[PDB]
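So this block is start18.pdb, PDB, C-alpha atoms:
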ATOM      1  CA  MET A   1      34.811   6.650 -17.956  1.00  0.00           C
ATOM      2  CA  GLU A   2      32.471   8.980 -15.888  1.00  0.00           C
ATOM      3  CA  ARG A   3      33.882   8.065 -12.394  1.00  0.00           C
ATOM      4  CA  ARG A   4      37.367   9.362 -13.433  1.00  0.00           C
ATOM      5  CA  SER A   5      36.169  12.864 -14.494  1.00  0.00           C
ATOM      6  CA  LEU A   6      34.200  13.283 -11.218  1.00  0.00           C
ATOM      7  CA  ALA A   7      37.357  12.299  -9.226  1.00  0.00           C
ATOM      8  CA  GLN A   8      39.248  15.075 -11.072  1.00  0.00           C
ATOM      9  CA  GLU A   9      36.532  17.754 -10.505  1.00  0.00           C
ATOM     10  CA  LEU A  10      36.324  16.834  -6.779  1.00  0.00           C
ATOM     11  CA  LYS A  11      40.151  17.097  -6.407  1.00  0.00           C
ATOM     12  CA  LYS A  12      40.031  20.496  -8.209  1.00  0.00           C
ATOM     13  CA  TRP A  13      37.119  21.766  -6.030  1.00  0.00           C
ATOM     14  CA  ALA A  14      38.875  20.632  -2.808  1.00  0.00           C
ATOM     15  CA  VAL A  15      42.235  22.328  -3.694  1.00  0.00           C
ATOM     16  CA  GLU A  16      41.193  25.467  -5.717  1.00  0.00           C
ATOM     17  CA  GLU A  17      37.742  26.394  -4.262  1.00  0.00           C
ATOM     18  CA  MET A  18      37.873  25.065  -0.625  1.00  0.00           C
ATOM     19  CA  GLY A  19      41.670  25.674  -0.144  1.00  0.00           C
ATOM     20  CA  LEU A  20      42.857  22.120   0.830  1.00  0.00           C
ATOM     21  CA  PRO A  21      46.737  21.953   0.700  1.00  0.00           C
ATOM     22  CA  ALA A  22      47.679  19.613  -2.215  1.00  0.00           C
ATOM     23  CA  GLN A  23      49.909  17.272  -0.049  1.00  0.00           C
ATOM     24  CA  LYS A  24      46.809  16.264   2.031  1.00  0.00           C
ATOM     25  CA  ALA A  25      44.658  15.621  -1.072  1.00  0.00           C
ATOM     26  CA  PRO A  26      44.159  11.828  -1.667  1.00  0.00           C
ATOM     27  CA  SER A  27      45.203  10.265  -5.008  1.00  0.00           C
ATOM     28  CA  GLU A  28      42.715  10.292  -7.935  1.00  0.00           C
ATOM     29  CA  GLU A  29      42.529   6.443  -7.715  1.00  0.00           C
ATOM     30  CA  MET A  30      41.588   6.668  -4.007  1.00  0.00           C
ATOM     31  CA  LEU A  31      38.928   9.348  -4.741  1.00  0.00           C
ATOM     32  CA  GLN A  32      37.232   6.982  -7.286  1.00  0.00           C
ATOM     33  CA  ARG A  33      36.039   4.759  -4.350  1.00  0.00           C
ATOM     34  CA  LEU A  34      33.877   7.693  -3.133  1.00  0.00           C
ATOM     35  CA  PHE A  35      31.636   7.369  -6.304  1.00  0.00           C
ATOM     36  CA  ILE A  36      30.253   3.875  -5.545  1.00  0.00           C
ATOM     37  CA  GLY A  37      26.428   3.575  -5.563  1.00  0.00           C
ATOM     38  CA  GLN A  38      24.407   6.670  -4.524  1.00  0.00           C
ATOM     39  CA  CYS A  39      27.534   8.659  -3.412  1.00  0.00           C
ATOM     40  CA  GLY A  40      28.136   9.832  -7.044  1.00  0.00           C
ATOM     41  CA  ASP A  41      25.093  12.199  -7.030  1.00  0.00           C
ATOM     42  CA  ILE A  42      26.003  13.541  -3.538  1.00  0.00           C
ATOM     43  CA  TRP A  43      29.518  14.640  -4.627  1.00  0.00           C
ATOM     44  CA  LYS A  44      28.120  16.266  -7.858  1.00  0.00           C
ATOM     45  CA  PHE A  45      25.850  18.494  -5.698  1.00  0.00           C
ATOM     46  CA  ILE A  46      28.776  19.407  -3.372  1.00  0.00           C
ATOM     47  CA  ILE A  47      31.015  20.524  -6.303  1.00  0.00           C
ATOM     48  CA  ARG A  48      28.223  22.713  -7.834  1.00  0.00           C
ATOM     49  CA  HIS A  49      26.672  24.418  -4.749  1.00  0.00           C
ATOM     50  CA  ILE A  50      29.409  24.567  -2.072  1.00  0.00           C
ATOM     51  CA  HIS A  51      31.810  27.489  -2.506  1.00  0.00           C
ATOM     52  CA  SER A  52      34.442  29.295  -0.419  1.00  0.00           C
ATOM     53  CA  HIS A  53      33.034  32.010   1.937  1.00  0.00           C
ATOM     54  CA  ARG A  54      35.075  34.520  -0.180  1.00  0.00           C
ATOM     55  CA  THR A  55      33.430  33.390  -3.456  1.00  0.00           C
ATOM     56  CA  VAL A  56      29.940  33.465  -1.798  1.00  0.00           C
ATOM     57  CA  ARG A  57      30.481  37.133  -0.705  1.00  0.00           C
ATOM     58  CA  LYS A  58      31.659  38.154  -4.220  1.00  0.00           C
ATOM     59  CA  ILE A  59      28.570  36.509  -5.815  1.00  0.00           C
ATOM     60  CA  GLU A  60      26.012  37.873  -3.300  1.00  0.00           C
ATOM     61  CA  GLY A  61      27.427  41.417  -3.051  1.00  0.00           C
ATOM     62  CA  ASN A  62      27.561  41.858  -6.884  1.00  0.00           C
ATOM     63  CA  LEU A  63      23.940  40.624  -7.151  1.00  0.00           C
ATOM     64  CA  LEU A  64      22.878  42.970  -4.304  1.00  0.00           C
ATOM     65  CA  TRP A  65      24.796  45.830  -5.997  1.00  0.00           C
ATOM     66  CA  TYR A  66      23.116  45.443  -9.416  1.00  0.00           C
ATOM     67  CA  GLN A  67      19.680  44.938  -7.768  1.00  0.00           C
ATOM     68  CA  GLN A  68      20.189  48.288  -5.955  1.00  0.00           C
ATOM     69  CA  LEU A  69      21.300  49.895  -9.263  1.00  0.00           C
ATOM     70  CA  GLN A  70      18.135  48.631 -11.060  1.00  0.00           C
ATOM     71  CA  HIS A  71      16.038  49.795  -8.079  1.00  0.00           C
ATOM     72  CA  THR A  72      17.537  53.303  -8.641  1.00  0.00           C
ATOM     73  CA  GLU A  73      16.530  53.228 -12.370  1.00  0.00           C
ATOM     74  CA  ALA A  74      12.972  52.091 -11.459  1.00  0.00           C
ATOM     75  CA  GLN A  75      13.008  54.908  -8.840  1.00  0.00           C
ATOM     76  CA  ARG A  76      13.506  57.487 -11.697  1.00  0.00           C
ATOM     77  CA  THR A  77      10.165  56.506 -13.295  1.00  0.00           C
ATOM     78  CA  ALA A  78       8.567  56.792  -9.819  1.00  0.00           C
ATOM     79  CA  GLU A  79      10.367  60.203  -9.420  1.00  0.00           C
ATOM     80  CA  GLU A  80       8.651  61.413 -12.678  1.00  0.00           C
ATOM     81  CA  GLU A  81       5.187  60.415 -11.296  1.00  0.00           C
ATOM     82  CA  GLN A  82       6.181  62.034  -7.936  1.00  0.00           C
ATOM     83  CA  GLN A  83       7.277  65.220  -9.834  1.00  0.00           C
ATOM     84  CA  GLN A  84       3.894  65.263 -11.659  1.00  0.00           C
ATOM     85  CA  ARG A  85       2.075  64.803  -8.284  1.00  0.00           C
ATOM     86  CA  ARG A  86       4.310  67.547  -6.748  1.00  0.00           C
ATOM     87  CA  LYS A  87       3.386  69.910  -9.660  1.00  0.00           C
ATOM     88  CA  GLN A  88      -0.312  69.009  -9.123  1.00  0.00           C
ATOM     89  CA  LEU A  89      -0.060  69.706  -5.323  1.00  0.00           C
ATOM     90  CA  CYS A  90       1.884  72.991  -5.880  1.00  0.00           C
ATOM     91  CA  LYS A  91      -0.840  74.063  -8.398  1.00  0.00           C
ATOM     92  CA  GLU A  92      -3.576  73.140  -5.854  1.00  0.00           C
ATOM     93  CA  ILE A  93      -1.679  75.084  -3.084  1.00  0.00           C
ATOM     94  CA  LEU A  94      -1.517  78.164  -5.406  1.00  0.00           C
ATOM     95  CA  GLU A  95      -5.286  77.897  -6.226  1.00  0.00           C
ATOM     96  CA  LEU A  96      -6.101  77.466  -2.473  1.00  0.00           C
ATOM     97  CA  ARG A  97      -3.836  80.446  -1.488  1.00  0.00           C
ATOM     98  CA  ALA A  98      -5.601  82.606  -4.148  1.00  0.00           C
ATOM     99  CA  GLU A  99      -9.085  81.543  -2.874  1.00  0.00           C
ATOM    100  CA  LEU A 100      -7.936  82.211   0.739  1.00  0.00           C
ATOM    101  CA  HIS A 101      -6.749  85.726  -0.253  1.00  0.00           C
ATOM    102  CA  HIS A 102     -10.157  86.456  -1.891  1.00  0.00           C
ATOM    103  CA  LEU A 103     -12.020  85.109   1.213  1.00  0.00           C
TER     104      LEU A 103
ATOM    105  CA  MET B   1      28.118   9.036  16.384  1.00  0.00           C
ATOM    106  CA  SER B   2      29.593   6.811  13.723  1.00  0.00           C
ATOM    107  CA  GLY B   3      31.617   8.358  10.856  1.00  0.00           C
ATOM    108  CA  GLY B   4      28.562   7.831   8.608  1.00  0.00           C
ATOM    109  CA  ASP B   5      26.215   9.683  11.058  1.00  0.00           C
ATOM    110  CA  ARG B   6      28.560  12.708  11.038  1.00  0.00           C
ATOM    111  CA  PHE B   7      28.701  12.747   7.203  1.00  0.00           C
ATOM    112  CA  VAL B   8      24.861  12.549   6.869  1.00  0.00           C
ATOM    113  CA  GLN B   9      24.523  15.436   9.406  1.00  0.00           C
ATOM    114  CA  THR B  10      26.966  17.589   7.364  1.00  0.00           C
ATOM    115  CA  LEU B  11      24.961  16.815   4.166  1.00  0.00           C
ATOM    116  CA  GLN B  12      21.734  17.899   5.964  1.00  0.00           C
ATOM    117  CA  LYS B  13      23.428  21.222   7.011  1.00  0.00           C
ATOM    118  CA  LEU B  14      24.463  21.694   3.343  1.00  0.00           C
ATOM    119  CA  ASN B  15      20.754  21.490   2.225  1.00  0.00           C
ATOM    120  CA  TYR B  16      21.241  18.346   0.074  1.00  0.00           C
ATOM    121  CA  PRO B  17      17.659  17.666  -1.317  1.00  0.00           C
ATOM    122  CA  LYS B  18      17.739  13.885  -0.398  1.00  0.00           C
ATOM    123  CA  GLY B  19      19.454  14.396   3.026  1.00  0.00           C
ATOM    124  CA  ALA B  20      16.363  13.331   5.077  1.00  0.00           C
ATOM    125  CA  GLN B  21      16.220   9.825   3.402  1.00  0.00           C
ATOM    126  CA  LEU B  22      19.866   8.880   4.189  1.00  0.00           C
ATOM    127  CA  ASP B  23      20.685   6.606   7.156  1.00  0.00           C
ATOM    128  CA  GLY B  24      24.080   6.968   8.931  1.00  0.00           C
ATOM    129  CA  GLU B  25      25.014   3.221   9.018  1.00  0.00           C
ATOM    130  CA  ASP B  26      24.931   2.969   5.155  1.00  0.00           C
ATOM    131  CA  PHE B  27      28.019   5.277   5.014  1.00  0.00           C
ATOM    132  CA  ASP B  28      30.179   3.757   7.816  1.00  0.00           C
ATOM    133  CA  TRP B  29      32.229   1.711   5.264  1.00  0.00           C
ATOM    134  CA  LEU B  30      33.588   5.044   3.854  1.00  0.00           C
ATOM    135  CA  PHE B  31      35.334   5.622   7.245  1.00  0.00           C
ATOM    136  CA  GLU B  32      36.828   2.061   7.476  1.00  0.00           C
ATOM    137  CA  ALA B  33      39.169   2.929   4.564  1.00  0.00           C
ATOM    138  CA  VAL B  34      42.158   4.199   6.661  1.00  0.00           C
ATOM    139  CA  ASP B  35      43.556   6.194   3.691  1.00  0.00           C
ATOM    140  CA  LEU B  36      40.273   8.155   2.941  1.00  0.00           C
ATOM    141  CA  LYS B  37      39.320   8.894   6.614  1.00  0.00           C
ATOM    142  CA  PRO B  38      41.452  12.151   6.897  1.00  0.00           C
ATOM    143  CA  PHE B  39      39.732  13.712   3.826  1.00  0.00           C
ATOM    144  CA  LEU B  40      36.205  12.806   5.038  1.00  0.00           C
ATOM    145  CA  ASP B  41      36.973  14.197   8.555  1.00  0.00           C
ATOM    146  CA  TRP B  42      38.185  17.460   6.904  1.00  0.00           C
ATOM    147  CA  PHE B  43      35.077  17.744   4.654  1.00  0.00           C
ATOM    148  CA  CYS B  44      32.737  17.157   7.659  1.00  0.00           C
ATOM    149  CA  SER B  45      34.572  19.989   9.561  1.00  0.00           C
ATOM    150  CA  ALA B  46      35.152  22.591   6.778  1.00  0.00           C
ATOM    151  CA  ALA B  47      31.728  22.724   5.031  1.00  0.00           C
ATOM    152  CA  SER B  48      29.024  24.952   6.709  1.00  0.00           C
ATOM    153  CA  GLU B  49      25.685  26.671   5.756  1.00  0.00           C
ATOM    154  CA  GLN B  50      27.586  29.947   4.930  1.00  0.00           C
ATOM    155  CA  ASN B  51      29.375  28.092   2.067  1.00  0.00           C
ATOM    156  CA  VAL B  52      26.099  27.217   0.221  1.00  0.00           C
ATOM    157  CA  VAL B  53      25.037  29.233  -2.865  1.00  0.00           C
ATOM    158  CA  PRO B  54      21.387  28.533  -3.889  1.00  0.00           C
ATOM    159  CA  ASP B  55      20.748  27.659  -7.573  1.00  0.00           C
ATOM    160  CA  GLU B  56      18.788  30.929  -8.264  1.00  0.00           C
ATOM    161  CA  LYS B  57      21.742  33.125  -7.110  1.00  0.00           C
ATOM    162  CA  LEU B  58      24.160  30.945  -9.148  1.00  0.00           C
ATOM    163  CA  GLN B  59      21.921  31.406 -12.246  1.00  0.00           C
ATOM    164  CA  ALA B  60      21.425  35.169 -11.601  1.00  0.00           C
ATOM    165  CA  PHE B  61      25.214  35.633 -11.167  1.00  0.00           C
ATOM    166  CA  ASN B  62      25.865  33.598 -14.361  1.00  0.00           C
ATOM    167  CA  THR B  63      23.379  35.860 -16.286  1.00  0.00           C
ATOM    168  CA  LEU B  64      25.180  38.869 -14.730  1.00  0.00           C
ATOM    169  CA  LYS B  65      28.511  37.365 -16.014  1.00  0.00           C
ATOM    170  CA  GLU B  66      26.989  36.714 -19.505  1.00  0.00           C
ATOM    171  CA  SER B  67      25.471  40.272 -19.652  1.00  0.00           C
ATOM    172  CA  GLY B  68      29.050  41.687 -20.060  1.00  0.00           C
ATOM    173  CA  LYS B  69      28.574  43.911 -16.942  1.00  0.00           C
ATOM    174  CA  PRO B  70      31.795  44.313 -14.852  1.00  0.00           C
ATOM    175  CA  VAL B  71      31.949  42.041 -11.757  1.00  0.00           C
ATOM    176  CA  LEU B  72      33.315  44.093  -8.811  1.00  0.00           C
ATOM    177  CA  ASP B  73      36.227  42.534  -6.856  1.00  0.00           C
ATOM    178  CA  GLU B  74      36.039  42.069  -3.043  1.00  0.00           C
ATOM    179  CA  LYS B  75      37.749  45.415  -2.082  1.00  0.00           C
ATOM    180  CA  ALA B  76      35.710  47.441  -4.604  1.00  0.00           C
ATOM    181  CA  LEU B  77      32.575  45.641  -3.347  1.00  0.00           C
ATOM    182  CA  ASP B  78      33.425  46.632   0.292  1.00  0.00           C
ATOM    183  CA  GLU B  79      34.004  50.315  -0.730  1.00  0.00           C
ATOM    184  CA  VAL B  80      30.799  50.452  -2.822  1.00  0.00           C
ATOM    185  CA  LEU B  81      28.746  48.511  -0.180  1.00  0.00           C
ATOM    186  CA  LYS B  82      30.098  50.847   2.603  1.00  0.00           C
ATOM    187  CA  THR B  83      29.079  53.930   0.572  1.00  0.00           C
ATOM    188  CA  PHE B  84      25.813  52.035  -0.091  1.00  0.00           C
ATOM    189  CA  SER B  85      25.055  52.148   3.587  1.00  0.00           C
ATOM    190  CA  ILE B  86      21.239  51.933   3.230  1.00  0.00           C
ATOM    191  CA  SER B  87      20.676  55.629   3.027  1.00  0.00           C
ATOM    192  CA  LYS B  88      16.921  56.005   3.590  1.00  0.00           C
ATOM    193  CA  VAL B  89      17.163  58.696   0.834  1.00  0.00           C
ATOM    194  CA  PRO B  90      13.825  57.611  -0.774  1.00  0.00           C
ATOM    195  CA  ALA B  91      12.298  59.090   2.417  1.00  0.00           C
ATOM    196  CA  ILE B  92      13.474  62.696   1.607  1.00  0.00           C
ATOM    197  CA  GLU B  93      11.428  63.176  -1.614  1.00  0.00           C
ATOM    198  CA  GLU B  94       8.491  61.136  -0.245  1.00  0.00           C
ATOM    199  CA  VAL B  95       8.604  63.547   2.787  1.00  0.00           C
ATOM    200  CA  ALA B  96       8.387  66.456   0.273  1.00  0.00           C
ATOM    201  CA  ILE B  97       5.046  65.069  -1.078  1.00  0.00           C
ATOM    202  CA  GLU B  98       3.737  64.245   2.456  1.00  0.00           C
ATOM    203  CA  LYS B  99       4.586  67.836   3.575  1.00  0.00           C
ATOM    204  CA  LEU B 100       2.755  69.275   0.508  1.00  0.00           C
TER     205      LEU B 100
END

Same coordinates, now as structure tokens:
Amino acid sequence: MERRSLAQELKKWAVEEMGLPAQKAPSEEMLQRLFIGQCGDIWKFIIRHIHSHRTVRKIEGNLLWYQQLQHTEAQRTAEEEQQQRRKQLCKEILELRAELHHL
Amino acid sequence: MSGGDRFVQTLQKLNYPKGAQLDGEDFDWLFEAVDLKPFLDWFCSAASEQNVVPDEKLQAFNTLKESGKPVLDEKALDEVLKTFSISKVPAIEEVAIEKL
């Protein structure tokens, strides 16, 4: 039974994901000959990891986007420490300006 | 280059984890089948390194999809990524501490 489902997934991947026109797609009985011996594991990897260049861009750019968004939230906690350091430096500048005036 | 050689080379470009142990001659029988030859020639020509998504990015995108967060479409991604020109804006507040 397993060789038939893999023939179906490969036909679906070739037509829907990679954009092969359906008239050039071999029959599901012809595709079953591609799953003899070690070739079965090869075609499973292809179906899972090989996408259209359009799908790849959508995946990568959404990941990049949400990474940048999380990096902006982690930046707010660093902004609070930077604001505390800025208050410390402004207090030290005021103390130094007062000592300079007295000198 | 036999048909089998060309197929094994395309599998190596696709980062198949067993691609270095495959010999070209073992796959030449796939190209003797007159009816399957046009599909194999297409696959060997259409698949490139830019089409490969690594398993970590596939998992991270699936967790993004499961998290219920909206997945931006290609035009919205181009508008957002254009506006997200890498503005070295972290440098402006860091420059305020360096100046102080």

Problem - For range 63-69 of chain A: contacts at 9 Å, all atoms listed in the file, fewer than 4 positions along chain excluded, given as a list in words - result: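 My reading of the contact set: residues 58, 59, 73 and 74 of chain A; 57, 60, 61, 64, 77, 80, 81 and 84 of chain B.
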
Exercise for the section: Have a look at CA of residue 95 in chain B and CA of residue 98 in chain A and let me know their distance in Å, one decimal. Expected result: 24.8 Å

Problem - range 30-35 of chain B environment, 10 Å, all atoms listed in the file, sequence neighbours closer than 6 positions dropped, as an MDAnalysis selection string - result: (chainID A and resid 26:27 30 33:34) or (chainID B and resid 2:4 7 41)

Exercise for the section: Check the smallest atom-to-atom distance from each of A:80, A:99, A:9, A:92 to residue 44 in chain A using all atoms listed in the file, then report the winner. Expected result: A:9

Practice task
Provide as a PyMOL selection string the residues of chain B at most 7 Å from chain A, counting all atoms listed in the file.
Solution key: chain B and resi 50-54+61+71-74+77+97+100

Practice task
On this file, the PyMOL selection byres ((chain B and resi 5) around 12) gives some set of residues; write that set as a PyMOL selection string.
Solution key: chain B and resi 1-4+6-12+19+22-31+41+44

Practice task
Report the distance between CA of residue 47 in chain A and CA of residue 10 in chain A in Å, rounded to one decimal place.
Solution key: 6.5 Å

Would you give the centre and edge lengths, in Å to one decimal, of a box along x, y and z around the listed atoms of range 56-59 of chain A, with 3 Å added to each side, as AutoDock Vina command-line options?
--center_x 30.1 --center_y 35.8 --center_z -3.3 --size_x 9.1 --size_y 10.7 --size_z 11.1

Fill in the blank from the handout: re CA of residue 76 in chain A and CA of residue 67 in chain B: distance 22.4 Å
